Every structure is written in structure tokens, then in C-alpha cells.
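Enquirer: Quick one, fold the following:
(chains A, B, C, D, E, F and G)
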Amino acid sequence: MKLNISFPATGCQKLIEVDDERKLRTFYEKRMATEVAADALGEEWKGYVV
Amino acid sequence: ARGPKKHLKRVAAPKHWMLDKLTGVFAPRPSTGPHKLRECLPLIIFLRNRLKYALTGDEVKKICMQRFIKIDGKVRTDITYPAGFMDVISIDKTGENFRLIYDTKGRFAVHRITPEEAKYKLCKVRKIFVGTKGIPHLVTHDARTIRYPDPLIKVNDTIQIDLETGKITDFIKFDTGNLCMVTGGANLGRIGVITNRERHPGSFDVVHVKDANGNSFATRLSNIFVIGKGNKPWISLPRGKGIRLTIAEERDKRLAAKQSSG
Amino acid sequence: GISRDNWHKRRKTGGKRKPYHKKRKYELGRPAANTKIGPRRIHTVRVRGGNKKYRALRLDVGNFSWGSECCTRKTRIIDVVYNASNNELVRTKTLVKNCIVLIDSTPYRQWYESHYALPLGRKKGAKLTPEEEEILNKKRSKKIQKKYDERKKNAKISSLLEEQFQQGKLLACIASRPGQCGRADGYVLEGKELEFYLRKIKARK
Amino acid sequence: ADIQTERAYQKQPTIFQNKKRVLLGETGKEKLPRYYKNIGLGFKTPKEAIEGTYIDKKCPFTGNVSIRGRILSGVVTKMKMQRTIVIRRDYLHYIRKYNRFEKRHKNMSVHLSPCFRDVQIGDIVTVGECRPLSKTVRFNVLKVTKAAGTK
RNA sequence: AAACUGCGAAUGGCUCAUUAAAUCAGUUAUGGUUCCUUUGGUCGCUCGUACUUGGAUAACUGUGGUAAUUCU
RNA sequence: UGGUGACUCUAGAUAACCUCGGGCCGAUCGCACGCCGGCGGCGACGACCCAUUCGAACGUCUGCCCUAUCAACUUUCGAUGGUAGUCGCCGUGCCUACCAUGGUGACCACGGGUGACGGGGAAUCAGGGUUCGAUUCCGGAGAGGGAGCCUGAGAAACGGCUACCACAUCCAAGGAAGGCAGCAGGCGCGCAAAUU
RNA sequence: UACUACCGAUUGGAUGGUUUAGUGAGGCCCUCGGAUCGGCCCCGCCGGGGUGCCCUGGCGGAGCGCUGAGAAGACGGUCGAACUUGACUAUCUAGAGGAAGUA
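Expert: Numbers count the residues shown, from 1 in each chain, chains lettered A, B, ... in the order given. Below, you will see the structure:
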């Protein structure tokens, strides 16, 4: 998958392509408008809830 | 149809507009308004077909959009606005005033009137009702409603309007001995004196009218407009006095106009 | 696609028409929305001309008029007891026009004692709370007690109504159409109509 | 009895009949005031209309109809439905090629008010056009004249 | 310019398959209905923050998906 | 109070009600500028209701070609009528419930056919007639076949939508799109008809 | 020497129209449903004003608080194209055999 990630505090966006299904295990079987702590996305993504 | 129609074919237009065959497929198709579209002159036909002031419909659009035409004292920019029986068309720029009055052959004449006459008109009262805290009302033949009329005014009478205020000045009652114009049917445009009215209940009444030369004709009651009281009309009458000549004497007049003129 | 056209019917002789045009919109019918008794629930239908109709689907209250007294009061609706068209509009408790219905009586009782100063529908035990004593047995002026006793010469009800005031439930008939205006209005049954519907309810049960 | 034969209480809708009153009129003379009107084309309302006790919402004299349109006349043939009869109207139709005529006829189901009792068959009714009262009924009996022999 | 809003798109044009008291024609009626618009009337008639109220959403900016659409 | 040939009309008086899927009782815009901080002149757009105009829709009466090798039909599953409702923009078997047994027909009902859209009209004609009218005006209907709807004052709309039936297009096979009996044009069909 | 047309078995196959019975796409109505989105509260960090309290001002947090809006979906009803199996009827086509007349 690709991940269109935005940031409404300053309105800047970025498309990050994640071809690793271990990271996408956090988002599976969720729904729209449900917040998920995005710790699995990497190491810069520690305190980040999307 | 699935709704109201907006065109009028030129062959199905009213006969008294005197349009011809070959200039187009369509007729002007009057807007909704105070007069019926089988009983009206649209302003485009009066202004280029009768007065010859224009040569196209585009020039009628240009003349009307300069706010130069007042019909019953108000400016009309609509070129298909239905003018009708006894409306005062007043062009201020040329200093002309007209009233739409039928000719003896049932068409609207180009009747010029003085600006003294152009401040009033006669209307025929078609409905009286009392409405909402006892206020009496009129409804005239050109969709005017008037609050608080005189209580002697009844249905089929003829009142007189002042065109600025909109209020009644006086009126004529419907009685034998008053003067008429016929506004419908075969006898359209003729003028005479009421002599009789036979009342058939549940149907239309018949009014007998006598011409100034002793000719007599009937109409229905709805085709009767009381012009004046007794013999004096309250308006100016057109070229013919509402006296329909037969074809023989019309031929004789037309031939006597050639052996004398020239 | 419910239709009210005539052209799907036989002719008067009994021959069948062939349809020449298909179903038009102005010949439509709508579903037959059956009012019940419950808390107020009214839906809105957009109809021909752009006007508005009210489908009451649930009513509990509407105003009924005492015809003899000329007293109209808003009043809770208790139950349906008799429908003159179908009997299955009673077991389902459907409110339509002309149906016979049980309503409350206390807005009529409180008007009656305030206007005529007489007890109505009270038991023979005569337990009277001190609320209505000061309207039934008030102090009042001589000119005003004269009027209140002059009213008492004609303040007499039929015996068929006072046994209903004994149970706190009058019998009424709905005069408006609840599927078409969202209201259940009507009048209290009195007299010949009252004993007619009384023997009809008597014979039906 | 004698009116209330249906499942619903029959009454004239314009007349209020539960006006309370004192016993000197409550016991003295008991009379329901009758609603009637005068239809307008010279027809006079019958005596049985203004004093009878029948309830017919389709009657031209005591019911809610107006008479407007066509006055016609036929001859009664069938009296077998409830409050409505069948008349027959005979006419001649001109065929142009032969300069001659042929006898045609048309039937009309027409509503008969209970104020015209003693209506036989064979006699001439006058009918008036009203609003559509049924699927096939548009006219209403206004005046009955007897046949030639009934003295 | 764009876009939101409003109106029009139910007229016109074409064809004659269906349809035999049906369509249609003349005549009547709506006192048994609805009616954008036009025209006139009405619009302090009601006895109970205003020197101006609230939340959004396009166009636009920016990140995109699909082989593909007047897709989003 | 007023009206009609006729109201259960209009207006009046009284008691209430007044739908959260709410009724009206202006939080709108331009131009000219002002008179004694107030009072303003023209417009524009609105708006419940009433009337008018353009209609529409349901009814009234009379009128249509051939066929009896079509003589009885309609009524179970509304046929004809009565009472009460429901639904409808409203009148009505329009639908429902309960009753009545009616309604049409040799004066041709019912059924079938039509190389039948109906009229205004056309050709022919001593007089009478006979045949034609798909076709530019009016009225109806239908947008391949049926059906259902949304929006709207107005549509059961097809140069709107949703299905099914018959055809048929693009595809990366996952999906997506369609409706010339508008103007041209093409194929077909034919004895038979024009310029993308 | 050939044609013509019939019966025609095949209950050839296919298609149409009436009906019996069974099924039922889709919209609309009704009873639910409640993914989500707000507001008012309740506290925390707390300014100003008035007076430790209230109104504003910024947030943030949670509470099955209490309401407003609300999509998917489902029960039912209705309208209802179509589908299947029959029965009757009609047509187009593949079809052995033959007969008579036609010349």
C-alpha cells in the first residue's frame, strides 16, 4: 500500500509507500475515523497517532 | 404536452392581428397578463406592424428597452406584453397617445387620443366579492381589483379609472338606453344603444342592441361593454362610428372616393 | 404505482377497455397510511401543486367539542370501540374518520364545574379534595351568585352522559381525516346518535 | 328503525340535532328540523321532500348536490336498484345519403330520490345533470309526470 | 474566467406503432379541482445581538487512486 | 354585508386546535443623494393568501369503417348499485369492508378484423355520391419492450435515473458505459425518397 | 421428365399470446437500525472584569451523561417487470414417405 499522510496543523501532505505487511498489521480490521497509534511505521513514528 | 406551451404558430394566431403567411413560422405568442391571448395586441405587433416604427423584432426590443412605452401609465419593457381593449398606449418621446378600440371589422384601430383623454379609461366589472373583515372588492375586465367601490356598482356595469391613482371616479349602470361596444363574436366592434335583455337562467343572456341608423343586432351578455350613458360616449370613437356598412355601400363609398379624389 | 384511473375498469356494458396511454402521474395513489394510538408521529407528504399533506401515523390527543354546551377542549384519546366500515380497524385500533372512540372527560369536567358550579361524575362516597371546594363552594358576590344560580336552572345533562362521566371516559366520533391533515378532531356523541352507537357496541360484543 | 338500517348513523349533516332544552320542549313536540333547498330552474321542491324523514345524501332537494348542465328527459324502464333507476331516451338520427332517419336509443342510469314515491315504469322523468355520483350515474330525477292512462 | 446560487431543460423537433364510444369534433360544466409565471390586491391588522445572528461547503492550494468515464 | 337560476357560497359571531418531516408576519441587493442624531426618493429580488392570465385534468349530450362462419356478455379476481371510510389535486368502485342482485344486448351488446391515430381537409363530380387524409394547423400517443421512480408549478420525462427482457460497446477480465420514431449521415429493407 | 401442395411422425428445436401454480429484480411506504458527525453539560491547566464565587477567552480530557443530525442494513406491505413448470393456441424453421393435378 501507499499511505497518503496529512498534517492539518500545517496542511502539508506526503505519500509514503510501505511495501511491508508487518507494518500494516496495525491498520487491518479497523474502520474509518478510528485513531491508531502509528508506532509500527518506523522509528520516527513514536508518539504519532493517526 | 407535459406542461404549458410557449410557442404560437403563425397560422394559428388570431385573425385580427393581420399577420401574413410568408414572413415566418411563428407568431409573437403573448405573455400572460391582463388580457386573453385571443383578445389582445402584443406590443411588438402594435409597434412595427401597425405604427411602422420598427422593421424587425430587434428594433422593437431596442425601442421598448429605452423605457419609451407606457401602457396604462406604467413602463413596459416586455415586447409581447398583452395590450387589450381600452388600454392607453402612451409614447412620451413622440408625444403620441393611443387607445385600443375595435374597428367596425373587429380589429384594433390606430386610434389617436389627446393627452387630456389619456389619463382615464373605462373598465367592465366582472366580479364583486366581500372579503376578510367585510371589505368589498371589484374585479374588472383587465384583472384590476379595487377595494371599497361605490355600493351601487354591480356586475356588468362600467366604471371609470384614473390611471395614476387607480381609483374610481364615476360609473355607468347596465340599463336599456345606454351605449355599447360589442367586444366579441360576429358583431365585434359595433356600437349602439341597449334596447332589450332577455334572461335565460342557467345559460347565457342575450342583449339586443340598436345601431345609430336603425340596424339591430344581438350578442351575448359577456360580449357587451357599456361605453356611455344615454347616447354620449365617455371616450372618443374611431373613424367609423361603430356603424358597420354592408359590402355594397362600402364599395359605393370606395368608388365615390376615387371619382372625387385624384 | 397505485392508480386511481378509470381506464382499467370495465365499461358499463361489461366490455373491457384497451388502455391507450400508460400510467400518468396525476392518476397516482399513495399507500393507505393507518393511524394508530401512541405518542405523536406525523410524516409530511409533498403533493400535487407543491402543497403539503400530513400523515399522522400515531396520535394520542386531539380536541373534541361538546355539542350541547359548545365547549371544545384538547383531550387525550383512550381507545377505539366501534368502526362502522370494517371490524378489523378496531382490533388493530386504527383511527380514521367517523370511527367511534373513547376520550378523556376531565377537560369537560373542569369546565362544567367552573361554569355551572355543580359536581359531575363524582362518586357517592363524596371524598372531595380541597382544590375544587373553593370553586364549587366559593365565596362570591350577590350579583355573581345570582348569575351562578341563574345558570343552574338549565344545567342538566342526559343520563346517558353522566354514567360516562362516572367512568371518566366519554364517547366521541372523529370528524376529520387523520391521514390527510394529521389531526384527530371530532365531537362528543349525544342523544339518538349516542344510543345508536351504544346498542351497536352492545350487539357487537 | 325506519331510517337507521345501515351500520353507521344516518343524519342530515347540516342540521344539529342535540341542542339541549328545558322539559317544556323536551317533552312537548319532538321534531327534527329538516334541511331542504330550492333547486333553481323553475322546479319546485316536492311536498315529500320538505316533510319526509328519509336520509339521502344524493337527493337534489335534501342532499349535497347542485344541478347544473343539461336538462333532459326519458322514460322509466327498470326500477331494480337501490335509489337509482334506468331510463330510456329515444331519438331519430339523420342519415344524410338517404335523406332519412333511424330510431336509436340510449340508456341512462339515473339517481331517484325517495321524495318521488309512486313512480311507475313507462312514465316521463325530467333529469338534471349533477356531479358524478357513481361510476355510471351523472343525472338526477327532478320531476316525474305520470303515464297517459293512470287516472 | 471558475465555482456556489437562481431559472430553463415538461416548450420546440420527430413519428404514426398502439388505440373503434377509445382518440377526436361540435357543445356544455367544474357550485367537484390544481395552477411556475404575468397583472392587480395584500404585506406596522397579531399585545407577546437588531447599527446585523450561527455553522459549513465549492472555486482555489496541496497529496492521490483506477486499464478505463462529464469517476472521484 | 354581498351574490347566484340554484350553496353546505362569501362575509360575520362563539369555543378551541394549529403537525419538530414546523405557515405568513423581509437579518437581501443597486442608483441618486439628501431635509431638519433622526426622517427620507426611485428601483431590484422576495413572500402566505386572494383575483387574473396561460393552461391542465375530470365529467355532459350527439356522432365512426368491416364482420353473426362472433348471440348472449358482465359478476370467483368490482360486474351494476347502496352505506361508511381509505387514497387522490378534487367528483366517483378509484380501492376496502358490509349489504342488495343488479348492468348491456337483433335500435347489433360482447368478441374479432382493419394494408384505422382522429379532425380541419384532398381528388373526382349534372344532381345525388364514391374513395383518400402517415404528411407542415389543432388534438392524442410513443421514444427498442414492459415496469418503477427522483426533482419540480408542471414529467410516470427517456438528448433524467433504477431494474428486468432483447440487442449492443470499451476491458489490463477486476469492471465501465448505452438508446437518431431530432439534424445530417450509414447499413438494411425494398417498386419507392435529398447535403456527415 | 419435373413441379405443386397436404398430412406429417419427429409430441424436432426455437419464439409469441392467453391463463393454472410456484418464484420475485427494482423503486416507493412502514417498523426498526445506528456506522459516524455536532451541541449542552462535568472536571483539569488556567487570564481579564465584576465579586473564595459568576460571565467571557483559549484549549485538553473523560463520562453507556443528555440530546440534535444521521449512512449501510434488515422485518413487513405495495406496485410489479421478468423467470420456471403446466394447459390451450399461433408462427418460423430441419424433416422421411406419398399422392393427385399441373405440362
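
Enquirer: What ranges does the stretch 151-262 of chain B have for its strands?
Expert: Per DSSP state E, counting those that start in this stretch, the stretch 151-262 of chain B carries strands over the ranges B:158-162, B:168-172, B:179-182, B:191-198, B:206-210, B:216-220, B:224-226.

Enquirer: I would like the residues contacting the fifth one, please.
Expert: Residues outside strand B:206-210 that contact it (C-beta atoms under 8 Å, 6 or more residues apart in numbering or on different chains) are B:180, B:182, B:187, B:190, B:192-198, B:200, B:216-221, B:224. No exception for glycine: its C-beta is placed from N, CA and C like everyone else's.

Enquirer: are any of those buried, and which?
Expert: B:180, B:182, B:187, B:190, B:192-194, B:197, B:217-219, B:221, B:224 (16 or more other C-beta atoms under 10 Å in any protein chain shown).

Enquirer: of all those residues, which comes closest to residue B:133?
Expert: residue B:221 (31.9 Å; C-beta to C-beta).

Enquirer: measure the spatially closest residue to residue B:237 that is not a sequence neighbour to residue B:38 for me?
Expert: Distance criterion C-beta to C-beta, 6 or more residues apart in numbering or on different chains; nearest residue to residue B:237, sequence neighbours excluded, is residue B:191 at 6.8 Å. Counting by C-beta to C-beta, to the nearest Å, the separation of residue B:191 from residue B:38 is 22 Å.

Enquirer: One more: residue D:114?
Expert: 47 Å.

Enquirer: Between the two, point out the one with more neighbours.
Expert: Set residue D:114 next to residue B:38 and count neighbours by other C-beta atoms under 10 Å in any protein chain shown: residue D:114 wins out with 15 against 11.

Enquirer: correct me, but that one touches residue D:82?
Expert: No: with contact defined as C-beta atoms under 8 Å, residue D:114 does not reach residue D:82; the gap is 10.5 Å.

Enquirer: Look up phi and psi at whatever residue of chain A ends up closest to RNA strand G.
Expert: Using C-beta to the nearest atom of the strand, residue A:33 is the residue of chain A that sits closest to RNA strand G, at 4.0 Å. With angles defined as degrees, to the nearest 10, residue A:33 sits at phi 60, psi 30.

Enquirer: contacting residues for it?
Expert: Taking C-beta under 8 Å, 6+ apart, we find residue A:33 in contact with no residue.

Enquirer: ditto for residue B:241
Expert: Residues in contact with residue B:241 (C-beta under 8 Å, 6+ apart) are B:191, B:212.

Enquirer: From residue B:152, how far out is it?
Expert: In terms of C-beta to C-beta, residue B:241 sits 30 Å off from residue B:152.

Enquirer: How far does stretch D:17-34 sit from its chain's centre?
Expert: Remark: stretch D:17-34 is offset 29 Å from the chain centroid, using C-alpha atoms, centre = their mean, to the nearest Å.

Enquirer: returning to what we had before: closest to residue B:79 among the buried ones among the contacts of strand B:206-210?
Expert: Within those, proximity to residue B:79 (C-beta to C-beta) peaks at residue B:182, which comes in at 29.3 Å.

Enquirer: Tell me the secondary structure of residue 45, please.
Expert: By default, I'm working from chain A. Recorded secondary structure, residue A:45: coil (DSSP: H, G, I helix; E, B strand; the rest coil).

Enquirer: ah, I was thinking of chain B
Expert: Under three-state DSSP, the three-state class of residue B:45 is helix.

Enquirer: where exactly do the strands run in chain C?
Expert: Using DSSP state E, the strands found in chain C span residues C:36-37, C:41-46, C:52-59, C:61-66, C:71-82, C:100-104, C:169-174, C:186-188.
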